[PDB]
Amino acid sequence: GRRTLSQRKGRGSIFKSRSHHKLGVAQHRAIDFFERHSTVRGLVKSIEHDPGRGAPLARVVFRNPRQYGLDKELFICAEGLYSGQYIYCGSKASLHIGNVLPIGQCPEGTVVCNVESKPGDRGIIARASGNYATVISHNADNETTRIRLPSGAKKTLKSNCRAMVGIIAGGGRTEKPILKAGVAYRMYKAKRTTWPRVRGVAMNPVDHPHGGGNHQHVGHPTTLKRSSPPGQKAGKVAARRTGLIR
RNA sequence: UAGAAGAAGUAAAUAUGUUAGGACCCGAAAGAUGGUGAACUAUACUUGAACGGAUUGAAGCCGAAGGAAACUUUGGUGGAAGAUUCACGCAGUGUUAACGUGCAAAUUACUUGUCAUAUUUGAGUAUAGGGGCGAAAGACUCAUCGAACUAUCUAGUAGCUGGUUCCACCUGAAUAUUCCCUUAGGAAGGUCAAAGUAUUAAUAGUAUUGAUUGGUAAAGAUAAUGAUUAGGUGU
RNA sequence: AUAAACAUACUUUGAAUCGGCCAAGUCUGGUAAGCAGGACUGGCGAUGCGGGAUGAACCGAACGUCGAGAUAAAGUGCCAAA
RNA sequence: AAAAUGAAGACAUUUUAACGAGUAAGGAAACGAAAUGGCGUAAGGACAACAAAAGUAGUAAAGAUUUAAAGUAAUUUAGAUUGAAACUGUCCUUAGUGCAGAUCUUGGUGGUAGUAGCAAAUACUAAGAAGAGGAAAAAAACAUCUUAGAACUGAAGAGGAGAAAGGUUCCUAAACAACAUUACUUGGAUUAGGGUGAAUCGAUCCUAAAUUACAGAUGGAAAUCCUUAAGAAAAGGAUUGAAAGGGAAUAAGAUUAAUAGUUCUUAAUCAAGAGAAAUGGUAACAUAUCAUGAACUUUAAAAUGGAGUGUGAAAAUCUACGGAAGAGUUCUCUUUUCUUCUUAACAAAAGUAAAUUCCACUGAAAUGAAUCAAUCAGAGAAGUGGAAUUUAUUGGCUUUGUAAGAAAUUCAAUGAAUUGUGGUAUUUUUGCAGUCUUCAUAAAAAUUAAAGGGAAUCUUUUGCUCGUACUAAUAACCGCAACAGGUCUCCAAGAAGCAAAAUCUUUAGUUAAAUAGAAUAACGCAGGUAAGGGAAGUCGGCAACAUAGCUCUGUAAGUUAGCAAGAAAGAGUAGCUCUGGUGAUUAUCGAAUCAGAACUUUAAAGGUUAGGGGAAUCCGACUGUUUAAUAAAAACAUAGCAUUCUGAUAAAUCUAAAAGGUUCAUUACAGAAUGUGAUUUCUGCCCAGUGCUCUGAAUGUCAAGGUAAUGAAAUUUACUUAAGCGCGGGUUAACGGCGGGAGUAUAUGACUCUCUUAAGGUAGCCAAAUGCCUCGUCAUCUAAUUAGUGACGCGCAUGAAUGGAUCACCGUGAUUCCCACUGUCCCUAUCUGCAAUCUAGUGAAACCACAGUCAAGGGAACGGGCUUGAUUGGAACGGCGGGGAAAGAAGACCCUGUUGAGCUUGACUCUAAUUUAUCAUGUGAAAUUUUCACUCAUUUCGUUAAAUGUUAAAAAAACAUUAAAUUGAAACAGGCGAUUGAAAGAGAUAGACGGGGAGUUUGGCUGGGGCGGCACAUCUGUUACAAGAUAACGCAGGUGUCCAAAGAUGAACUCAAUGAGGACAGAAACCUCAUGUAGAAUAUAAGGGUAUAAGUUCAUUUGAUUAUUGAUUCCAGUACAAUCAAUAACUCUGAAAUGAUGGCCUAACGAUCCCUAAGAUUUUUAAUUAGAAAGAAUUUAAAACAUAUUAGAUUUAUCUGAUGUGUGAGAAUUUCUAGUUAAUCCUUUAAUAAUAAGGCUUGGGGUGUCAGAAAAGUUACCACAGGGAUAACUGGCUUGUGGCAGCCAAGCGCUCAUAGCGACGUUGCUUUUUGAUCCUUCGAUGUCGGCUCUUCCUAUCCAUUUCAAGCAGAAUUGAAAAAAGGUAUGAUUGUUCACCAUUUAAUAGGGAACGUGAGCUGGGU
RNA sequence: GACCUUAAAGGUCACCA
């Protein structure tokens, strides 16, 4: 046989990210004393559209708590932010939309976004459009707090992990139905090469495990073990269930 | 059942036979190893270039009239759409036209379709052979692709096909038998040739006389086993 | 009884060969076959010559180069010798 | 062969006799009576004038051409001519030693053949010049240049220029041997010269996608990774990457045979250099340098998509008024028609614009302002007055300097003349303004300026390196070339029109671009027309005809309500003369557009351009893509729908490895893996099987390890270990699946019974692109329907995200029917151009054993050659497609190879990735090794390693720095800050999983292969032919066993059946007598054998045993197996002779290696006792240390010297008899021991393909070596079957066997069906039907002539002569065939390689 | 027709040309 399309994706030749017009890395600012024990105030200069992602980006400008100059940051917009707004980052920040607070200071039930899975790693969870994470409970014995991830899973993080209060802007993006093949083509302008997807049953036995015979069909069960080698791992992987959900 | 029984062997040059090597000469599709290719084509990115004329008329907006209201009727304006068409171009539906030792190792003529957003296109750049790339035809990867090109292993192997070079003279065949992964082929054996011997209980594809063997042709059918048409006599 | 001394008995080494085919006062399967397969012998293969007009197998007869005669199968109206 | 002779003769002796064919094959050399005889090629060693100049040769070698001679032949010899320097004969030796073939290799050359051709791109003609090169009885044509005529490209060009590529092709002169399919005086061709000028155009500079270094990391290696992260490297990050991106600065005229934003004249610009620090304006803001402005920081520019509308300006075109100069027309007119009337870079500022944004005064409602559209206003409209920016350089346009001195148009013979002003017109270019659109937001750096801050106190010089010629294509580039193919751009006139369309023309370019002339045949290619009919042609309206612009009227069903729709359908349209509407400015001026009216004619879109329309069915929703070179589609994509996994140190996944890489500059509205394919309606039941999974169970099965026991030890044994499987549950929008039979209300069967699945196919749909039967049944379409449509449904074998049903719009998709139109057709005629024909010049190729008249025969079963006939005159031109089983190609179909390759799978054997367990020693603790606590290796991260730890002390989009006065601005820790953490990663070993991947295999026989069978090891009878052998996928059957008795022996008895008797008792129970040759039994298939037995019964027993020989059956006289004959033991039975080494006989079975059992003690040795008999033993140089005894040292398992003796020494040993002890089948190679292992002999474990590999498929994507050893087609033999014909006569025919038929039987012919065979063809004979056309047969359908009848006439029926002439048109189907509707005198049947493909078609296959 | 099964009846095969 040949090497299937999923195998050719891992080499990254034509499947490299189309990130040329992107604004940059969107994250919190690097942790320091002034964020651990004080608050630094930033100014939302503008709100910009980052190619390839559905949420807007804010060009915040903190000043320089230790030197002279400007610290041009690049945050992910929370819904409701506006140009010229002031936002405060630090442990003593007020509980307002757009402010950055350690996850331990947020009252149980607070909605946050752009949460750090580890202290000081500048944002991991709840970064897509309209997404958010909820603080479940605190644990002052070992300085851990429980949050509910947007997928529904519960995760325990350190109580000093930072997060931004609010909802990532641009929600309800995927509810608008794409209508045309051309529109879907334009969606991957600043993404990887994946769109026009040929069914495995339409390929040939050399190309794909599904490449069939005189009738377009699979032939063998499409639920496979997690341990299948790359090359035959095509279809549902480690499927605990199948069929329409009730 | 090997041996001994007053030793025969050895050396070298040829000829013939067996055997290994390119192996009488030429012939595979294949396999492995190392390199060269994206000047053709495939996809993707960077930076450039290229929409002229018509058709239809969506939101949005304005007037008039009707209405308690909700709003409706009517006339305009507007210029959307992977909307309809023509042109520069492009493709290749049909003639299964031309040509078919061509203009051309895929072109020409008319007809047909298409002719800016999933568009067309230049340069740069990236992806390499059990790999790439593929809106998927096993398609494309320099006229080479159901695994490119190039060189080495390599004069690859062939029970299969083709060829195999002077004269006279003498002798002159085979298709049984056994075994084989055997059936287009081999070894044992038969037929044949050439060398070399032995005075030789070592002649016969013949007939006769004598003693035998066998169960074929024929013959038989209340002679045994069967098959089958009738007629008398007795109970 | 007849024949047999270039009789007889061989020994060694080795070549090619084991695709066969035909005839019949023969046989088996088949309706049958210029079909398929066998017993015995003679042939073609390996083979020309004379005759059957022509023909791998039929009939006579097998071959160094020639001359003369008697012949064989078979023929004798012309082609064609009688 | 035998005799005779035999040192040398010679002819390989003399004589006599017999013999002589031959494919494959053999006979090497030498051998005197020669164990075959010789010829030739080349080289090596000798010999070649015997008397001291010793083979031939310039008095002509080798070679070549021939003429003759010798030899059976291979070959040799000699002469003649040519040739001019080496060569030959004999003997041995040696070998790169003899050619007709290999689709042989290389080179050369023929026929074809003066043949096919030298035919796209409209086109040339006259006069003259130059030249050898238009002559001549028309030799009808003539290359280059100039002039004139006539033309084409038609300004998206056949024009003027660039990028790439080419590389001197550029310009000129001389010259034409070759080349540009004739020629050339021409040339992009030959020869020789000349030619490319930059401070301003580019490269150079910057960075994009990307690329590459030192050090570092990885690797066995080559090398790979990393690109600023790891670095004592680089205020911050290295190299390269654009002649289309960014970018300091030049223009006009003139000049050269050719270079020019490059030279010259004139006129400019740019960069680098040289000679307590300003005013004005209310404000927006403004001032020939002015008017200081460091570090540091920020902002902006360079630098940002597309569409569409409006509009400013310039240019081009057109036009209004006024002219000046020149040109054209002019016997008909034309105050006429045409040309010229221009201006740069850089700067200036008389005059004067459009649009946008801001500033000041004021404060809008009765709301206003404005655009084509919009849009805006108390965070302030409108108004008035101002400021700024943009508009191809200063400042947009006119104007000005440059500058008229240039340039253009004229005139004179260098010198003179002129060079106004406009437009509410079109196009192009370039800006501007707002509007729309994106799940698309549409680059960076070099480089420049400004600001915040307040540190410090005009002239002139120079401008380097490299490119610069030319083409840029119907001749300079890539395709072998001057190739009708391909290749990126800039500039762009008139007519007409909606139009950059078609058509014609101006400026420019060219008239040649693979040759022409004559004639005007066939057959063609390209373009046409056609009476009457109108698809009747055909697989099919293929091809062609037909519709075609604009205006007005009108427009259906269906529908996703958007469409259908340009639906369909109808009318108008010309020319000329007029009339009216639509404005600007304030009476004058201007625009093409619309409407209307008289009149005339050839009655009007049509020169060119320019939709045929309608009714339905299927598939796909749509726009899109696709097999470059036979498939453009129903296939792929698509939006929509659905499922699975993943919290990122993850999922997927590349890599040998890696602080390695991709999605990821990412974070579940995300990433990755799949199925279905818009919308509507709906997705039924099944978890048994195979997958997937579980948050699940332990003590079923499971490895290396770990622990323990025995033993001298290896070894062995036991216990305990993870995943995996098993056990239990879940899951089908996971792979997939979704039944039978019988009664029952003139038929059907609601109903009932019964069998048993995991579930029994549900809603739907249907002879469907899915239905064999089948051309299903009923309607409809037609005259006629294997076609279409609508219905029916026990549906071979429909059916629900393998998606079911439904269709609106859409489609170079498949199918049917109507209208219109027509040469598709009846049925062909005719016209034009280019060829073909002939000629001058020029000039190939495929192919070719030799060749070329027929019939029949035979033959390899279809001859051009052979045999017998028919017949023949030599050379051929134009056509032609019958033949040459014509050419092209080692058949691609089929088969065979112990030949492959792609693909698939629990085929066999493995393997990367995944996974589980153990080992690989961080500290300090607890529980029964586990659980904890820590960090210290380790992992994953973050930053400018920027306040770690412990003490101490949401009103405002603005600024924040270089400090004033060691502090100000606190100290210390041996932790840059977090995170994980002794667990996880990488290594080793072990178990599981693993078509993701690698290697390989897939028996044989065979009336072709496959399916079927086993004729493959094997027995009986028969074919089988009276010895032995012996065929078929011949016939009838049989084996892979069974038996402690069914082996051995002894004894007794006689069986099957029948008759006659005997209570129940009978046809069959048990008893008796008689007859009883086996008709019973003997394990089994069949055939043999058997009567005081080989059968039945009784009794004893284990010979169904050990060892050794010799034979017989298959046989190769191998093995296995079997069948016998003896011998030596120990036994069984019998009184005994005998019998017994399995079964009454013919089948009942098995190598090498490997595993596993049994046996090798009968005998031979050593030592020591007692007895006896023979026995001299070889001869000088010495160290191992067993040690004692001393001289030193030492404490530890204590060693280190030297003195010393024996050892170890040499001037007994064997045999034998009787004991005793011990050992005893051989070996593990220095000697022994107990374990272990290996030998030797004999059995068992098995190969059934049975003389014995370890082995699944599919190729319609296929490949190679071959095959007529072998199938699919013709032909040939046969004729079962198909067709036709006879003989007899039981009967039918109202009576009557034979008018006409003829049963039960029986004899033939034919090759028009299909069989049966495999003879020819596998380095190829083109395989169905139809169309066209010719011929042949008669077994005759019609016409002609006759006979018969159950023939009155008519219509008919049977038969004879006769094959000269006729034998049709359509619907459906690819059909042959068939079935319908017609018509006719009849609408007969057949052959010719199932006639006919260099004759067509391509419907089917 | 061939193979299989039941108490005649069914079931699978019938292929490359």
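One gets full-length UniProt numbering by counting positions in the first sequence from 1 and adding 1 to each.
All residues carry an ideal CB built from backbone N, CA and C; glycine is no exception.
DSSP, read as helix, strand or coil, puts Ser7 in helix. For the pair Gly232 and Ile125, the Cα-to-Cα distance works out to about 31 angstroms.
In this structure, DSSP gives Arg30 a state outside helix and strand, which the three-state scheme calls coil. Within its own chain, the residues whose Cβ lies closer than 6 angstroms to the Cβ of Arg30, once the five positions on either side in sequence are excluded, are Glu74, listed in chain order. Counting every other CB atom within 10 Å of its CB across the protein chains shown gives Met165 a total of 16 or more, marking it as buried. With contacts defined by Cβ atoms closer than 7 angstroms, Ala56 and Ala170 form a contacting pair.
Distance from the CA atom of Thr111 to the CA atom of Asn140, rounded to whole angstroms, is 16 angstroms. Looking at the DSSP output, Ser138 sits in a beta bridge with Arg147.
Here the segment 193–207 makes no contact with the segment 82–95; the two share fewer than three CB pairs at distances below 8 angstroms. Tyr186 carries a helical assignment under DSSP once its states are collapsed to helix, strand and coil.
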